[PDB]
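K.L.:
Number of protein chains: 4
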Amino acid sequence: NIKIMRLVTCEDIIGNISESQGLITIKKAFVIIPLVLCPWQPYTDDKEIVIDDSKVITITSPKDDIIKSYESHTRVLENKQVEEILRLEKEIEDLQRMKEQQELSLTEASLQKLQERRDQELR
Amino acid sequence: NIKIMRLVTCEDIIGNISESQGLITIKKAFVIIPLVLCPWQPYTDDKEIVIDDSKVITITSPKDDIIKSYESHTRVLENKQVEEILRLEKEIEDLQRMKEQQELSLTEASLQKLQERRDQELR
Amino acid sequence: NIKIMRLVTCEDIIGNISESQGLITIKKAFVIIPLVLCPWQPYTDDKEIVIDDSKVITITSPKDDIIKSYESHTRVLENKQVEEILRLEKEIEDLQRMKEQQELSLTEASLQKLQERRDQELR
Amino acid sequence: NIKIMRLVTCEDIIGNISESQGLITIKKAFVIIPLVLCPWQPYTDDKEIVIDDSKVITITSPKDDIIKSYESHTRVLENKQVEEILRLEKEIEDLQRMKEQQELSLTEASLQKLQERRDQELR
Ligand SMILES: *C1=CC(=O)N(c2ccc3ccc4cccc5ccc2c3c45)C1=O
Ligand SMILES: *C1=CC(=O)N(c2ccc3ccc4cccc5ccc2c3c45)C1=O
Ligand SMILES: *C1=CC(=O)N(c2ccc3ccc4cccc5ccc2c3c45)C1=O
Ligand SMILES: *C1=CC(=O)N(c2ccc3ccc4cccc5ccc2c3c45)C1=O
Ligand SMILES: *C1=CC(=O)N(c2ccc3ccc4cccc5ccc2c3c45)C1=O
Ligand SMILES: *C1=CC(=O)N(c2ccc3ccc4cccc5ccc2c3c45)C1=O
Ligand SMILES: *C1=CC(=O)N(c2ccc3ccc4cccc5ccc2c3c45)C1=O
Ligand SMILES: *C1=CC(=O)N(c2ccc3ccc4cccc5ccc2c3c45)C1=O
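Protein chains in written order, with the deposited numbering: chain R, 3 to 36, 47 to 135; chain A, 3 to 36, 47 to 135; chain BA, 3 to 36, 47 to 135; chain HA, 3 to 36, 47 to 135.
If you want it as structure tokens, here you go:
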């Protein structure tokens, strides 16, 4: 149910909406800058945002081109996210392996000092 | 038993030595460059190195200043190693936490695609 | 309950909120300038601010990084406040001591004139 | 059994070694230039080189990074060799085909003269 929302604060946002008796929920909202798509709330990790219907100006069905652009944007963002996750996987694996290798070639007294220092760190 | 070793290849190396009937073992060897101390074998992680006595020119007891410098050098190296280990601990902890936070705010389909992609990676 | 508030006047403010049936209270509110945190009401000394729910656009849970930055900002502000209080303590103590020392080395007639002048001041 | 060998001629060479009672064999030896890996004996086609143990200074186990670099170097060299073999296969096939085509369009007297000339060549 991809639709365009007009907010009271002269804002146009496209997203997948679900309508209830008094309030509506929106997913993957994007503000439209005359086109440029920008994340509506780049401060939260919530999947959906609830909003009262009293702050609604117009609800409408967008054009096919807008829907296609919205789909492409979301797909590109998700692909970037999964690529970043894979990159972080590889980086953390490499770092852990090299750190373990460094830890292996240590001295008993140095190991005890490291343990005490880490205990003081966590203190 | 900190002592100075003269090798057949015109080399002077100071280290803690243990003498056996045919071969001798050395720990924390350091070549002396006319003074500059350099690691003797910066390619292995072994704690001690065994060497036949037939390749021995002279064994001798060093001066007090040389022993003090050797002790200071070893202590500084060990302190640097433990500091690096602590730094790596902090870095890997931060990276793992941020990666988990990134993983939390994902989509089910994206998570499935990530799982399949990781399986293909390990393939 | 650190949360992000969207006001009707296109404003985003993070703070510790408490929700009631008709109105909500907020503590340590901070406007977000695209990040920069600014005090929401730098004109009042009240600990909490009450606001009707009819002026609410969205309530949401922020990210971990935002919460950490908010905590650090509040802690830094409180530390600055307590340091300023200590500085003022020291300054007023020094000023009072030096003023008392000045008052000690006076003349009886001058003291009477000072008393009359202070009485006229308060008149 | 990838290990580092110190020779009497102030040389460090890494390779896969096999130890016997009096002599040791080494495969894929590589001199280390402070890192740069160079073929130890770029004059022979022998798979393994035998050497007496009396010319041994130190035998040691290298680090994981050195082993990884050695493996990568050997794999790259083998891939280059097989690629060159394939290139030579293609070149010799093309040359033989074109030479046969040239031989086909000849004259009987010219063919006899060619046969006599080749016989004189081999003489
Ligand atoms: C109320 C305050 C404010 O800043 N608003 C606002 C929010 C978003 C936009 C986006 C684009 C745009 C272009 C020209 C003017 C203009 C004015 C105000 C806003 C704008 C905006 C509010 O709605
Ligand atoms: C994210 C993308 C975007 O365009 N944003 C945005 C939305 C509304 C406004 C209103 C006013 C204004 C003034 C100066 C700069 C600026 C930047 C971005 C936005 C602005 C904006 C996003 O928040
Ligand atoms: C045999 C070969 C070689 O290179 N050697 C060698 C090893 C270490 C050193 C250290 C310092 C130094 C100073 C001046 C000359 C010189 C020559 C050779 C070596 C030197 C070296 C061997 O012993
Ligand atoms: C590590 C420290 C050091 O001084 N090394 C060293 C030992 C022997 C030699 C011999 C010859 C030579 C020629 C050019 C450069 C160079 C650098 C370091 C050394 C050299 C050396 C160590 O291996
Ligand atoms: C209404 C009047 C006004 O001035 N508003 C306002 C309040 C705060 C901000 C903060 C940042 C910002 C950036 C770009 C444009 C813009 C417009 C209006 C405001 C802004 C603002 C009102 O909301
Ligand atoms: C305190 C910090 C801050 O950024 N404030 C702030 C909030 C809203 C606005 C809106 C418009 C405007 C125009 C010119 C200057 C200016 C300065 C600060 C603010 C402004 C603002 C605070 O009040
Ligand atoms: C004996 C003669 C000779 O030339 N040696 C020799 C063999 C290999 C190397 C490699 C690198 C290097 C660096 C600095 C000095 C130096 C000296 C001698 C050799 C060196 C070498 C012998 O060992
Ligand atoms: C192959 C690679 C390499 O580095 N080689 C090599 C080994 C030892 C020496 C010793 C002395 C010397 C003097 C001038 C040039 C030169 C080049 C290469 C080597 C040298 C060397 C190989 O043989």
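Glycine included, every Cβ here is placed at the ideal spot set by N, Cα and C.
Counting C-beta neighbours from all protein chains within 10 Å, is the total for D14 (chain BA) 16 or more, i.e. buried, or is it exposed?
P.N.:
Buried, because 16 or more other Cβ atoms sit within 10 Å of the Cβ of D14 (chain BA).
K.L.:
Closest to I71 (chain A) by C-alpha separation, out of A:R130, A:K5 and A:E96, would be which residue?
P.N.:
If we check each option's Cα against that of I71 (chain A), A:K5 comes out closest.
K.L.:
Check whether the Cβ atoms of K75 (chain HA) and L9 (chain HA) lie closer than 8 Å to each other.
P.N.:
Not a contact, by the Cβ cut-off of 8 Å.
K.L.:
Would the C-beta of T11 (chain R) count as close to ligand 1, meaning under 7 Å from any of its heavy atoms?
P.N.:
Yes - ligand 1 has a heavy atom lying nearer than 7 Å to the Cβ of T11 (chain R).
K.L.:
So that I know if they touch, is there some Cβ in chain R lying closer than 8 Å to that of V33 (chain BA)?
P.N.:
So, not an interface residue.
K.L.:
Would the region 17-29 of chain HA and the region 49-63 of chain HA be scored as touching if the rule is three or more Cβ pairs under 8 Å?
P.N.:
The answer is yes - the region 49-63 of chain HA touches the region 17-29 of chain HA, with three or more Cβ pairs under 8 Å.
K.L.:
Does the count of Cβ pairs from the region 106-116 of chain R and the region 76-85 of chain A closer than 8 Å reach three?
P.N.:
Verdict: no, contact absent.
K.L.:
For chain A, is any of its Cβ atoms less than 8 Å away from the one on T72 (chain R)?
P.N.:
So, not an interface residue.
K.L.:
Can you list, in chain order, the residues of the region 65-92 of chain A whose Cβ is nearer than 7 Å to any Cβ on chain HA?
P.N.:
Residues passing the 7 Å Cβ filter: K67.
K.L.:
When you compare the CB of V10 (chain A) with every CB in chain HA, is at least one pair closer than 8 Å?
P.N.:
Cβ-Cβ to chain HA under 8 Å: yes for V10 (chain A).
K.L.:
Please confirm whether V94 (chain R) and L126 (chain A) have their CB atoms less than 8 Å apart.
P.N.:
Yes, the Cβ-Cβ distance between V94 (chain R) and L126 (chain A) is below 8 Å.
K.L.:
Could you tell me how far apart the beta carbons of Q53 (chain A) and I104 (chain R) are, in whole angstroms, since I believe they sit closer than 8 Å?
P.N.:
Contact doesn't hold; Cβ gap of about 31 Å is too wide.
K.L.:
Skipping 5 residues on each side, what residues in its chain have a beta carbon closer than 7 Å to that of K29 (chain R)?
P.N.:
Same-chain partners within the cutoff: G17, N18, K59 and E60.
K.L.:
How far does the beta strand (DSSP E) with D131 (chain BA) in it reach, from first residue to last?
P.N.:
Run containing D131 (chain BA): none in the beta strand (DSSP E); it sits in the alpha helix (DSSP H), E120 to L134.
K.L.:
8 Å is my cut-off, CB to CB: does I97 (chain BA) come that close to chain R?
P.N.:
Closer than 8 Å: no.
K.L.:
Taking the C-alpha atoms as reference points, what is the distance between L123 (chain HA) and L134 (chain HA)?
P.N.:
Taking the straight line from one Cα to the other gives about 17 Å.
K.L.:
Please decide whether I63 (chain BA) counts as near chain R, where near means a Cβ-Cβ distance under 8 Å.
P.N.:
False, the Cβ-Cβ gap to chain R never drops below 8 Å.
K.L.:
So the beta strand (DSSP E) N91 (chain R) belongs to, where does it begin and stop?
P.N.:
Premise fails: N91 (chain R) lies in the alpha helix (DSSP H), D76 to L116, not in any beta strand (DSSP E).
K.L.:
So, helix, strand or coil for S22 (chain A), using DSSP?
P.N.:
Coil.
K.L.:
Considering only C-alpha positions, which residue in the set HA:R130, HA:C12 and HA:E120 is nearest to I69 (chain HA)?
P.N.:
The candidate whose alpha carbon is nearest that of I69 (chain HA) is HA:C12.
K.L.:
Let me know if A121 (chain A) comes out buried or exposed under the rule of 16 or more other beta-carbons within 10 Å of its beta-carbon.
P.N.:
It counts as exposed.
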